[PDB]
>>> print(open('my_file32.pdb').read())   # PDB, N, CA and C atoms
ATOM      1  N   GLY A   1      90.475  34.895 133.422
ATOM      2  CA  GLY A   1      90.493  34.406 132.056
ATOM      3  C   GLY A   1      91.875  34.472 131.435
ATOM      4  N   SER A   2      91.946  34.238 130.128
ATOM      5  CA  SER A   2      93.218  34.267 129.415
ATOM      6  C   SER A   2      93.003  34.094 127.915
ATOM      7  N   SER A   3      94.031  34.416 127.135
ATOM      8  CA  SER A   3      93.955  34.301 125.683
ATOM      9  C   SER A   3      95.345  34.122 125.079
ATOM     10  N   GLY A   4      95.473  33.148 124.183
ATOM     11  CA  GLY A   4      96.751  32.891 123.545
ATOM     12  C   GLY A   4      96.616  32.040 122.299
ATOM     13  N   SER A   5      96.493  32.694 121.148
ATOM     14  CA  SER A   5      96.349  31.989 119.880
ATOM     15  C   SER A   5      97.173  32.663 118.787
ATOM     16  N   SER A   6      97.499  31.903 117.745
ATOM     17  CA  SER A   6      98.286  32.426 116.636
ATOM     18  C   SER A   6      97.471  32.430 115.346
ATOM     19  N   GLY A   7      96.681  33.483 115.157
ATOM     20  CA  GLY A   7      95.861  33.591 113.965
ATOM     21  C   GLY A   7      94.920  34.778 114.013
ATOM     22  N   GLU A   8      95.265  35.836 113.286
ATOM     23  CA  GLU A   8      94.444  37.040 113.251
ATOM     24  C   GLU A   8      93.294  36.886 112.260
ATOM     25  N   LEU A   9      92.240  37.671 112.459
ATOM     26  CA  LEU A   9      91.074  37.622 111.583
ATOM     27  C   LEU A   9      90.928  38.923 110.800
ATOM     28  N   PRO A  10      90.300  38.834 109.618
ATOM     29  CA  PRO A  10      90.079  39.995 108.751
ATOM     30  C   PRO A  10      89.057  40.967 109.332
ATOM     31  N   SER A  11      88.005  40.422 109.936
ATOM     32  CA  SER A  11      86.956  41.241 110.530
ATOM     33  C   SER A  11      87.351  41.700 111.930
ATOM     34  N   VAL A  12      86.940  42.912 112.287
ATOM     35  CA  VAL A  12      87.249  43.468 113.599
ATOM     36  C   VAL A  12      86.561  42.679 114.708
ATOM     37  N   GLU A  13      87.200  42.626 115.872
ATOM     38  CA  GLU A  13      86.649  41.902 117.012
ATOM     39  C   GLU A  13      85.557  42.718 117.698
ATOM     40  N   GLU A  14      84.318  42.249 117.584
ATOM     41  CA  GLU A  14      83.184  42.937 118.193
ATOM     42  C   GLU A  14      83.556  43.488 119.567
ATOM     43  N   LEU A  15      83.922  44.763 119.606
ATOM     44  CA  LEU A  15      84.302  45.412 120.856
ATOM     45  C   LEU A  15      83.073  45.722 121.704
ATOM     46  N   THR A  16      82.850  44.912 122.734
ATOM     47  CA  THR A  16      81.711  45.099 123.623
ATOM     48  C   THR A  16      82.164  45.307 125.063
ATOM     49  N   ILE A  17      82.196  46.564 125.494
ATOM     50  CA  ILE A  17      82.610  46.897 126.851
ATOM     51  C   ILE A  17      81.632  47.869 127.501
ATOM     52  N   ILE A  18      81.083  47.471 128.644
ATOM     53  CA  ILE A  18      80.135  48.309 129.368
ATOM     54  C   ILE A  18      80.837  49.134 130.441
ATOM     55  N   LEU A  19      80.585  50.438 130.436
ATOM     56  CA  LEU A  19      81.191  51.339 131.410
ATOM     57  C   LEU A  19      80.285  51.519 132.622
ATOM     58  N   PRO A  20      80.882  51.463 133.823
ATOM     59  CA  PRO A  20      80.146  51.622 135.081
ATOM     60  C   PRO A  20      79.649  53.048 135.286
ATOM     61  N   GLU A  21      79.033  53.295 136.439
ATOM     62  CA  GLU A  21      78.510  54.619 136.756
ATOM     63  C   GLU A  21      79.523  55.423 137.567
ATOM     64  N   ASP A  22      80.790  55.038 137.468
ATOM     65  CA  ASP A  22      81.856  55.722 138.192
ATOM     66  C   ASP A  22      82.749  56.504 137.234
ATOM     67  N   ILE A  23      82.575  56.260 135.939
ATOM     68  CA  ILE A  23      83.365  56.940 134.921
ATOM     69  C   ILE A  23      82.613  58.140 134.353
ATOM     70  N   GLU A  24      83.360  59.169 133.965
ATOM     71  CA  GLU A  24      82.763  60.375 133.403
ATOM     72  C   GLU A  24      82.918  60.403 131.886
ATOM     73  N   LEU A  25      81.808  60.212 131.180
ATOM     74  CA  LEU A  25      81.820  60.215 129.721
ATOM     75  C   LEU A  25      81.780  61.639 129.178
ATOM     76  N   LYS A  26      82.841  62.032 128.481
ATOM     77  CA  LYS A  26      82.927  63.368 127.905
ATOM     78  C   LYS A  26      82.514  63.355 126.436
ATOM     79  N   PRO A  27      81.833  64.425 126.003
ATOM     80  CA  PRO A  27      81.368  64.562 124.620
ATOM     81  C   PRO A  27      82.518  64.776 123.641
ATOM     82  N   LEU A  28      82.913  63.707 122.956
ATOM     83  CA  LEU A  28      84.002  63.778 121.988
ATOM     84  C   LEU A  28      83.575  64.553 120.744
ATOM     85  N   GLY A  29      82.363  64.281 120.271
ATOM     86  CA  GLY A  29      81.857  64.961 119.094
ATOM     87  C   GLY A  29      80.501  64.440 118.660
ATOM     88  N   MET A  30      80.327  64.263 117.355
ATOM     89  CA  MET A  30      79.067  63.767 116.813
ATOM     90  C   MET A  30      79.250  63.265 115.383
ATOM     91  N   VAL A  31      78.641  62.124 115.079
ATOM     92  CA  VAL A  31      78.736  61.538 113.747
ATOM     93  C   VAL A  31      78.416  62.568 112.670
ATOM     94  N   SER A  32      79.431  62.948 111.901
ATOM     95  CA  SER A  32      79.257  63.928 110.835
ATOM     96  C   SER A  32      79.083  63.239 109.485
ATOM     97  N   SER A  33      79.650  62.043 109.361
ATOM     98  CA  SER A  33      79.562  61.280 108.122
ATOM     99  C   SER A  33      79.834  59.801 108.373
ATOM    100  N   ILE A  34      79.593  58.979 107.357
ATOM    101  CA  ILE A  34      79.814  57.543 107.467
ATOM    102  C   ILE A  34      80.547  57.003 106.243
ATOM    103  N   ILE A  35      81.584  56.208 106.484
ATOM    104  CA  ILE A  35      82.366  55.626 105.401
ATOM    105  C   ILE A  35      81.751  54.315 104.923
ATOM    106  N   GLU A  36      82.063  53.938 103.687
ATOM    107  CA  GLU A  36      81.541  52.703 103.111
ATOM    108  C   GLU A  36      81.407  51.620 104.178
ATOM    109  N   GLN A  37      82.377  51.567 105.085
ATOM    110  CA  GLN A  37      82.367  50.577 106.155
ATOM    111  C   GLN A  37      82.594  51.239 107.510
ATOM    112  N   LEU A  38      83.475  52.233 107.538
ATOM    113  CA  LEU A  38      83.782  52.949 108.771
ATOM    114  C   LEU A  38      82.808  54.102 108.988
ATOM    115  N   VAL A  39      82.940  54.775 110.128
ATOM    116  CA  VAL A  39      82.074  55.901 110.455
ATOM    117  C   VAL A  39      82.891  57.138 110.809
ATOM    118  N   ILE A  40      82.465  58.289 110.298
ATOM    119  CA  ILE A  40      83.157  59.544 110.563
ATOM    120  C   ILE A  40      82.478  60.321 111.686
ATOM    121  N   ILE A  41      83.265  60.730 112.675
ATOM    122  CA  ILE A  41      82.740  61.484 113.806
ATOM    123  C   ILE A  41      83.466  62.816 113.963
ATOM    124  N   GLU A  42      82.727  63.908 113.797
ATOM    125  CA  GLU A  42      83.300  65.244 113.921
ATOM    126  C   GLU A  42      83.394  65.662 115.385
ATOM    127  N   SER A  43      84.513  66.282 115.748
ATOM    128  CA  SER A  43      84.730  66.729 117.118
ATOM    129  C   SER A  43      84.141  68.120 117.336
ATOM    130  N   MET A  44      84.283  68.632 118.554
ATOM    131  CA  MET A  44      83.766  69.953 118.892
ATOM    132  C   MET A  44      84.869  70.838 119.462
ATOM    133  N   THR A  45      85.282  70.544 120.691
ATOM    134  CA  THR A  45      86.329  71.314 121.351
ATOM    135  C   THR A  45      86.677  70.718 122.710
ATOM    136  N   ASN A  46      87.759  71.208 123.307
ATOM    137  CA  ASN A  46      88.199  70.724 124.610
ATOM    138  C   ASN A  46      88.446  69.218 124.575
ATOM    139  N   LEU A  47      88.846  68.716 123.413
ATOM    140  CA  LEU A  47      89.117  67.292 123.246
ATOM    141  C   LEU A  47      90.532  66.950 123.701
ATOM    142  N   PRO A  48      90.646  65.934 124.569
ATOM    143  CA  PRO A  48      91.937  65.484 125.096
ATOM    144  C   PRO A  48      92.791  64.801 124.033
ATOM    145  N   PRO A  49      94.113  64.785 124.254
ATOM    146  CA  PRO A  49      95.064  64.165 123.327
ATOM    147  C   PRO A  49      94.950  62.644 123.311
ATOM    148  N   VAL A  50      93.959  62.137 122.584
ATOM    149  CA  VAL A  50      93.743  60.699 122.484
ATOM    150  C   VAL A  50      94.244  60.160 121.149
ATOM    151  N   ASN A  51      94.869  58.987 121.189
ATOM    152  CA  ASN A  51      95.396  58.361 119.981
ATOM    153  C   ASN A  51      94.414  57.334 119.428
ATOM    154  N   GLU A  52      94.774  56.726 118.301
ATOM    155  CA  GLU A  52      93.923  55.725 117.669
ATOM    156  C   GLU A  52      93.498  54.659 118.675
ATOM    157  N   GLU A  53      94.478  54.058 119.341
ATOM    158  CA  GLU A  53      94.205  53.020 120.329
ATOM    159  C   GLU A  53      93.024  53.410 121.215
ATOM    160  N   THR A  54      92.773  54.711 121.318
ATOM    161  CA  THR A  54      91.676  55.216 122.133
ATOM    162  C   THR A  54      90.342  54.635 121.680
ATOM    163  N   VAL A  55      89.598  54.066 122.624
ATOM    164  CA  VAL A  55      88.300  53.474 122.322
ATOM    165  C   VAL A  55      87.178  54.489 122.507
ATOM    166  N   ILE A  56      86.251  54.518 121.554
ATOM    167  CA  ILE A  56      85.125  55.440 121.613
ATOM    168  C   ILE A  56      83.880  54.754 122.166
ATOM    169  N   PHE A  57      83.366  55.276 123.274
ATOM    170  CA  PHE A  57      82.176  54.714 123.904
ATOM    171  C   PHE A  57      80.914  55.403 123.394
ATOM    172  N   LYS A  58      79.841  54.632 123.258
ATOM    173  CA  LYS A  58      78.570  55.166 122.780
ATOM    174  C   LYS A  58      77.831  55.894 123.898
ATOM    175  N   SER A  59      76.684  56.476 123.563
ATOM    176  CA  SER A  59      75.883  57.205 124.539
ATOM    177  C   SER A  59      75.270  56.251 125.559
ATOM    178  N   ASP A  60      75.089  54.999 125.155
ATOM    179  CA  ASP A  60      74.513  53.987 126.033
ATOM    180  C   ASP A  60      75.603  53.265 126.820
ATOM    181  N   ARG A  61      76.771  53.893 126.915
ATOM    182  CA  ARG A  61      77.895  53.310 127.637
ATOM    183  C   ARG A  61      78.305  51.976 127.018
ATOM    184  N   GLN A  62      78.422  51.953 125.695
ATOM    185  CA  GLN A  62      78.805  50.741 124.982
ATOM    186  C   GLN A  62      79.935  51.023 123.997
ATOM    187  N   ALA A  63      81.090  50.412 124.238
ATOM    188  CA  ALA A  63      82.248  50.597 123.372
ATOM    189  C   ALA A  63      81.890  50.328 121.913
ATOM    190  N   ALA A  64      81.585  51.392 121.178
ATOM    191  CA  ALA A  64      81.225  51.270 119.770
ATOM    192  C   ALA A  64      82.392  50.725 118.953
ATOM    193  N   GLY A  65      83.608  51.071 119.362
ATOM    194  CA  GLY A  65      84.788  50.607 118.654
ATOM    195  C   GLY A  65      85.970  51.541 118.826
ATOM    196  N   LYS A  66      87.148  51.083 118.414
ATOM    197  CA  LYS A  66      88.361  51.885 118.523
ATOM    198  C   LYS A  66      88.539  52.774 117.297
ATOM    199  N   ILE A  67      89.247  53.885 117.475
ATOM    200  CA  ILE A  67      89.491  54.817 116.382
ATOM    201  C   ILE A  67      90.203  54.129 115.220
ATOM    202  N   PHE A  68      89.506  54.011 114.095
ATOM    203  CA  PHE A  68      90.070  53.374 112.911
ATOM    204  C   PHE A  68      91.063  54.300 112.216
ATOM    205  N   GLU A  69      90.811  55.603 112.305
ATOM    206  CA  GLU A  69      91.680  56.594 111.684
ATOM    207  C   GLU A  69      91.238  58.009 112.045
ATOM    208  N   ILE A  70      92.195  58.930 112.084
ATOM    209  CA  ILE A  70      91.906  60.319 112.416
ATOM    210  C   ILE A  70      92.458  61.264 111.354
ATOM    211  N   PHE A  71      91.650  62.245 110.965
ATOM    212  CA  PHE A  71      92.058  63.217 109.958
ATOM    213  C   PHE A  71      91.476  64.595 110.264
ATOM    214  N   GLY A  72      91.979  65.611 109.568
ATOM    215  CA  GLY A  72      91.499  66.963 109.780
ATOM    216  C   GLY A  72      92.504  67.826 110.518
ATOM    217  N   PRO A  73      92.050  68.995 110.993
ATOM    218  CA  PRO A  73      92.901  69.937 111.726
ATOM    219  C   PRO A  73      93.289  69.415 113.105
ATOM    220  N   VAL A  74      93.767  70.313 113.960
ATOM    221  CA  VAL A  74      94.171  69.944 115.312
ATOM    222  C   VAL A  74      93.158  70.432 116.341
ATOM    223  N   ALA A  75      92.238  71.283 115.901
ATOM    224  CA  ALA A  75      91.211  71.821 116.783
ATOM    225  C   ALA A  75      89.836  71.262 116.434
ATOM    226  N   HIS A  76      89.629  70.971 115.152
ATOM    227  CA  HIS A  76      88.358  70.430 114.687
ATOM    228  C   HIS A  76      88.576  69.173 113.850
ATOM    229  N   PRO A  77      89.386  68.243 114.379
ATOM    230  CA  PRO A  77      89.694  66.983 113.696
ATOM    231  C   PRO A  77      88.494  66.045 113.640
ATOM    232  N   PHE A  78      88.662  64.914 112.962
ATOM    233  CA  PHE A  78      87.591  63.933 112.833
ATOM    234  C   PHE A  78      88.107  62.524 113.109
ATOM    235  N   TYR A  79      87.408  61.806 113.980
ATOM    236  CA  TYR A  79      87.796  60.446 114.335
ATOM    237  C   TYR A  79      86.942  59.424 113.592
ATOM    238  N   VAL A  80      87.581  58.359 113.119
ATOM    239  CA  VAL A  80      86.881  57.307 112.391
ATOM    240  C   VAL A  80      86.691  56.069 113.262
ATOM    241  N   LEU A  81      85.635  55.313 112.984
ATOM    242  CA  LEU A  81      85.340  54.103 113.741
ATOM    243  C   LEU A  81      85.417  52.868 112.847
ATOM    244  N   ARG A  82      85.972  51.788 113.385
ATOM    245  CA  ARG A  82      86.105  50.544 112.636
ATOM    246  C   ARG A  82      84.828  49.715 112.729
ATOM    247  N   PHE A  83      84.432  49.120 111.609
ATOM    248  CA  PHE A  83      83.227  48.300 111.563
ATOM    249  C   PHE A  83      83.265  47.342 110.376
ATOM    250  N   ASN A  84      82.915  46.085 110.627
ATOM    251  CA  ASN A  84      82.910  45.069 109.580
ATOM    252  C   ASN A  84      82.196  45.578 108.332
ATOM    253  N   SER A  85      81.008  46.143 108.524
ATOM    254  CA  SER A  85      80.221  46.667 107.414
ATOM    255  C   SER A  85      79.155  47.636 107.914
ATOM    256  N   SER A  86      78.346  48.144 106.990
ATOM    257  CA  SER A  86      77.286  49.084 107.334
ATOM    258  C   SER A  86      76.419  48.535 108.463
ATOM    259  N   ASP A  87      75.973  47.294 108.308
ATOM    260  CA  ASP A  87      75.135  46.651 109.313
ATOM    261  C   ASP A  87      75.730  46.822 110.707
ATOM    262  N   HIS A  88      76.978  46.392 110.869
ATOM    263  CA  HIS A  88      77.662  46.497 112.152
ATOM    264  C   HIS A  88      77.321  47.814 112.844
ATOM    265  N   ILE A  89      77.128  48.861 112.049
ATOM    266  CA  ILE A  89      76.795  50.175 112.585
ATOM    267  C   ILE A  89      75.328  50.247 112.994
ATOM    268  N   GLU A  90      74.440  49.976 112.041
ATOM    269  CA  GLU A  90      73.007  50.009 112.303
ATOM    270  C   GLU A  90      72.686  49.389 113.661
ATOM    271  N   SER A  91      73.303  48.246 113.942
ATOM    272  CA  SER A  91      73.081  47.548 115.204
ATOM    273  C   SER A  91      73.502  48.417 116.386
ATOM    274  N   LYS A  92      74.769  48.816 116.396
ATOM    275  CA  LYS A  92      75.300  49.650 117.468
ATOM    276  C   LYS A  92      74.379  50.834 117.741
ATOM    277  N   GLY A  93      73.651  51.263 116.714
ATOM    278  CA  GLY A  93      72.741  52.383 116.867
ATOM    279  C   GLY A  93      73.380  53.706 116.490
ATOM    280  N   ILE A  94      74.596  53.642 115.958
ATOM    281  CA  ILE A  94      75.316  54.844 115.555
ATOM    282  C   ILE A  94      74.769  55.399 114.244
ATOM    283  N   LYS A  95      74.712  56.723 114.148
ATOM    284  CA  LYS A  95      74.212  57.382 112.947
ATOM    285  C   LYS A  95      74.490  58.881 112.993
ATOM    286  N   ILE A  96      74.141  59.576 111.916
ATOM    287  CA  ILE A  96      74.352  61.016 111.834
ATOM    288  C   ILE A  96      73.650  61.740 112.978
ATOM    289  N   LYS A  97      74.291  62.781 113.496
ATOM    290  CA  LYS A  97      73.727  63.561 114.590
ATOM    291  C   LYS A  97      73.736  62.761 115.890
ATOM    292  N   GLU A  98      74.764  61.937 116.064
ATOM    293  CA  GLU A  98      74.890  61.117 117.263
ATOM    294  C   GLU A  98      76.143  61.492 118.049
ATOM    295  N   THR A  99      75.944  62.094 119.219
ATOM    296  CA  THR A  99      77.056  62.504 120.066
ATOM    297  C   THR A  99      77.682  61.307 120.772
ATOM    298  N   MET A 100      78.991  61.148 120.612
ATOM    299  CA  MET A 100      79.709  60.043 121.236
ATOM    300  C   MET A 100      80.550  60.535 122.410
ATOM    301  N   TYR A 101      81.140  59.598 123.142
ATOM    302  CA  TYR A 101      81.970  59.937 124.294
ATOM    303  C   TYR A 101      83.105  58.932 124.462
ATOM    304  N   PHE A 102      84.033  59.244 125.360
ATOM    305  CA  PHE A 102      85.172  58.369 125.618
ATOM    306  C   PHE A 102      85.424  58.232 127.117
ATOM    307  N   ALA A 103      86.321  57.322 127.480
ATOM    308  CA  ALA A 103      86.655  57.092 128.880
ATOM    309  C   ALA A 103      88.155  57.231 129.116
TER     310      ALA A 103
END
>>> encode(input="my_file32.pdb", output="structure tokens")
Amino acid sequence: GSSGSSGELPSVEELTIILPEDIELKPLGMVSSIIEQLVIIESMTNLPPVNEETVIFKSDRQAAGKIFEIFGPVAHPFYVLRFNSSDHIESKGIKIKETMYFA
């Protein structure tokens, strides 16, 4: 395939990536809160040095989205998820008390 266009969009690009059974999904944390549009995910521990560009995969091995923003301490920080709106989340199945993972 290929891609080459000159025109960005306001809404985030539905990040849909399925992870195979060869990757090890580690528990990044769990949805602690939700932003008007974005989602807040609280970490736990033993979290690797991942940057925003880092994509967060769901429990069903589905790229929920890339880190929209990170805040908090260095041991118990919180990662945010980008989403067009509340709905965008409901669909993904993300919600409070939901443990996420990364690749």
>>> resolve_selection(input="my_file32.pdb", expression="the PyMOL selection byres (((chain A and resi 11 and name CA) around 12) and name CA)", output="list in words")
residues 8, 9, 10, 12, 13, 14, 15, 37, 82, 83, 84, 85 and 88 of chain A
>>> atom_distance(input="my_file32.pdb", atom1="atom CA of residue A:67", atom2="atom CA of residue A:95")
15.9 Å
>>> atom_distance(input="my_file32.pdb", atom1="atom CA of residue A:16", atom2="atom CA of residue A:98")
18.5 Å
>>> atom_distance(input="my_file32.pdb", atom1="atom C of residue A:69", atom2="atom N of residue A:19")
22.6 Å
>>> axis_aligned_box(input="my_file32.pdb", around="stretch 66-81 of chain A", padding_each_side="3 Å", output="JSON")
{"center_x": 89.8, "center_y": 61.5, "center_z": 114.0, "size_x": 14.8, "size_y": 26.7, "size_z": 15.0}
>>> residues_around(input="my_file32.pdb", residues="stretch 50-64 of chain A", least_positions_apart="5", cutoff="6 Å", atoms="all atoms listed in the file", output="ChimeraX atom specification")
/A:15-19,99-103
>>> resolve_selection(input="my_file32.pdb", expression="the PyMOL selection byres ((chain A and resi 39) around 7)", output="list in words")
residues 31, 32, 33, 34, 35, 36, 37, 38, 40, 41, 79, 80, 81, 82 and 83 of chain A
>>> decode(input="my_file32.pdb", residues="stretch 73-101 of chain A", atoms="C-alpha atoms", output="mmCIF file, in the first residue's frame")
data_model
loop_
_atom_site.group_PDB
_atom_site.id
_atom_site.type_symbol
_atom_site.label_atom_id
_atom_site.label_comp_id
_atom_site.auth_asym_id
_atom_site.auth_seq_id
_atom_site.Cartn_x
_atom_site.Cartn_y
_atom_site.Cartn_z
ATOM 1 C CA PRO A 73 4.376 11.576 39.094
ATOM 2 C CA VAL A 74 7.120 9.367 37.661
ATOM 3 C CA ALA A 75 6.073 6.195 39.476
ATOM 4 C CA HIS A 76 2.286 6.560 39.442
ATOM 5 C CA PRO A 77 1.714 8.716 36.332
ATOM 6 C CA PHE A 78 -1.443 8.789 34.212
ATOM 7 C CA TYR A 79 -1.752 8.299 30.454
ATOM 8 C CA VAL A 80 -4.496 9.925 28.381
ATOM 9 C CA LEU A 81 -6.192 8.538 25.272
ATOM 10 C CA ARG A 82 -7.320 10.491 22.208
ATOM 11 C CA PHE A 83 -10.928 10.160 21.051
ATOM 12 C CA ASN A 84 -13.238 12.167 18.790
ATOM 13 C CA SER A 85 -15.902 12.151 21.507
ATOM 14 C CA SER A 86 -17.488 10.158 24.331
ATOM 15 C CA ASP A 87 -19.114 7.785 21.843
ATOM 16 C CA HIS A 88 -15.763 6.909 20.267
ATOM 17 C CA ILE A 89 -15.000 5.426 23.685
ATOM 18 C CA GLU A 90 -18.256 3.581 24.358
ATOM 19 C CA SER A 91 -17.649 1.699 21.107
ATOM 20 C CA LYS A 92 -14.052 0.721 21.864
ATOM 21 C CA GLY A 93 -15.475 -0.695 25.081
ATOM 22 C CA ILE A 94 -13.178 1.366 27.291
ATOM 23 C CA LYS A 95 -14.450 2.423 30.715
ATOM 24 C CA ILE A 96 -13.626 2.763 34.413
ATOM 25 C CA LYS A 97 -11.943 -0.274 35.965
ATOM 26 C CA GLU A 98 -10.559 -1.367 32.594
ATOM 27 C CA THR A 99 -6.992 -2.687 32.522
ATOM 28 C CA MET A 100 -5.129 -1.729 29.348
ATOM 29 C CA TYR A 101 -1.874 -2.940 27.795
#
